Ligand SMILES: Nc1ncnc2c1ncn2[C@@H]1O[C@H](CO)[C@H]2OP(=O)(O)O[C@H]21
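Next comes just one chain, in structure tokens: the form deposited without this ligand.
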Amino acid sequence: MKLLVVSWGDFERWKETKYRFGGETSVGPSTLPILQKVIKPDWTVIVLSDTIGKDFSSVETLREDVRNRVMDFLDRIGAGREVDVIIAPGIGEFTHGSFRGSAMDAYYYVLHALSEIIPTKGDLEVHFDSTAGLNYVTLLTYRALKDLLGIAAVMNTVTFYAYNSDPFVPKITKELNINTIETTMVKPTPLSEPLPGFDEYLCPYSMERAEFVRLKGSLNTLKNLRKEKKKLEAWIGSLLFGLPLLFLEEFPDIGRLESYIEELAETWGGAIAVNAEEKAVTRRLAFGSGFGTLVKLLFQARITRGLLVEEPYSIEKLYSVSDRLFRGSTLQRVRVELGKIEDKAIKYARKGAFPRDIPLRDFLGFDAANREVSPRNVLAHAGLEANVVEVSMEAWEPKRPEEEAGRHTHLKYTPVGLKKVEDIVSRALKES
């Protein structure tokens, strides 16, 4: 699947020029038609600053005003029907209006917007154009793309192209070339930051501090994160450190993450005070890093949802999850640890023995007085530490145990063990 993204400033004040790109030529005010013509995108996204709005009645008469003038322009140069448009929150004092707010809201807004468009299944070929965009909007849009595709790269092949044209110089330009400024195969980068303090999800831009404490207290999101924060950091750690059984057991509720994000989103949007007479939007709530972390966490969850196998969690299923999720030494470490437990299950099967609800220490046959759960042993043994894991073998009539044992040998964390692992992994993620 191929995707095209472009960063747009004031698209109206653009003069007609011709553009060269990939053995093609085109005449018009923007690069979008020839980009589309050559690249053949399966889908297109346009990112605009909302600072090109004129009708200040309220928020939906601004995002309307801006969408109107865009959707006119996209029929003028035939940009087709497969398109999404992102009206990102800009700031500054303009001719026909003033916009006030945190500069970083555009990143979090575009990150949020892109997280719902980018496909979470199959390989991705992303094309990005910085030609006719604001400096910071193009910069934050580029960062937001790379941050999400980095997480997409975990499960799928991701190739990223960036373009800027020769500088349009109005009094000598005859034509302009679409230069490829980047061609990169995106590295798999799993989410590697903890959820922050309940300070940094929404922050007051221009809201009196008493009013903030009031609204912060009414959010069901921040109260529900208090409970789940540690369970989610444990899941983040599962991918980063190569802990496949913890990945499955701590797999987050997507419906629940969707609802947290929407509540922080519609709370932010509902703190935007439009003044129809002064011609002044004011975004009184600013998105924090915590909003960014949640959006990335939900995206990583959508990307890897195919791997949440039906219980019970057998050695064979853990191998299968591990093969897709992990690379390099991490994968090989995990395969060796599952191999140890598998080889023991085989030995048992051969003797016609099927231990059920046995601690992993007793399954592997361990010395006593080594029952303290160390960070070292949890992280070094792919989260399959002997004091926190319980094994069961469903009894069967074996014929070739070396093949059968993998399917019939199930692992889970003890309720005590799972909390020790959560604490260890959560702390390891914070110390990073």
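Numbering starts at 1 and runs along the sequence shown.
Of the two stretches 75-83 and 285-293, which shows the higher Cα B-factor on average in the entry? Comparing 75-83 with 285-293, the higher average CA B-factor belongs to 75-83.
Tell me which of 268-276 and 356-364 has the higher mean C-alpha B-factor in the deposited entry. Looking at the recorded C-alpha B-factors, 268-276 comes out higher on average.
Maximum C-alpha temperature factor per the entry, among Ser218, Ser322, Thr304, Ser192, belongs to which one? Of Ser218, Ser322, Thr304, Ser192, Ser218 has the highest C-alpha B-factor.
Per the entry's Cα B factor values, which of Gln332, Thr173, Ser115, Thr141 stands out as the maximum? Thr173 has the highest C-alpha B-factor of those listed.
Could you look up the Cα B-factor of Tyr201 in the entry and say which third of the chain it sits in: lowest, middle or highest? Middle third, going by the recorded CA B-factors of the chain.
Among the modelled residues of its chain, does the C-alpha B-factor of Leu124 lie in the lowest, middle or highest third? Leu124: CA B-factor falls in the middle third of its chain.
Which third, lowest, middle or highest, does the C-alpha temperature factor of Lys340 belong to within its own chain? Ranked within chain, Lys340 CA B lands in the lowest tercile.
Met1's Cα B-factor: lowest, middle or highest third of the chain? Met1: CA B-factor falls in the highest third of its chain.
Give the position of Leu245 by CA B-factor within its chain, expressed as the lowest, middle or highest third. Bottom third by C-alpha B-factor.
The protein also exists as the form deposited with this ligand bound; that form is not presented, and the subsequent description refers to it.
Placed ligand check: this ligand in the deposited bound form, overlay by site C-alphas, backbone/C-beta within 2.4 Å: By the 2.4 Å criterion, open.
Indicate whether this ligand has at least one heavy atom within 4.5 Å of a heavy atom of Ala386 in the deposited bound form. It does: once this ligand is placed as it appears in the deposited bound form, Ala386 has a heavy atom within 4.5 Å of it.
I'd like to know if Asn377 sits close to this ligand in the deposited bound form, meaning any non-hydrogen atom pair within 4.5 angstroms. Yes, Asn377 sits close enough to this ligand in the deposited bound form that at least one of its heavy atoms falls within 4.5 Å.
Can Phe366 be called a contact residue for this ligand in the deposited bound form at 4.5 Å between heavy atoms? Flag for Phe366 set to yes.
With heavy atoms only and a cut-off of 4.5 Å, decide whether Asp105 touches this ligand in the deposited bound form. No, no contact at 4.5 Å.
Check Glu125, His127 and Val158: does every one of them have a heavy atom within 4.5 Å of this ligand in the deposited bound form? Spot residues vs this ligand: no contact at all.
At 4.5 Å between heavy atoms, only one of the stretches 299-307, 230-238, 256-264, 336-344 reaches this ligand in the deposited bound form; which one is it? Within 4.5 Å of the partner lies stretch 336-344.
Only one of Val321, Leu294, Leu360, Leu114 has a non-hydrogen atom within 4.5 angstroms of this ligand in the deposited bound form; which is it? By the 4.5 Å heavy-atom cutoff, the listed residue in contact is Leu360.
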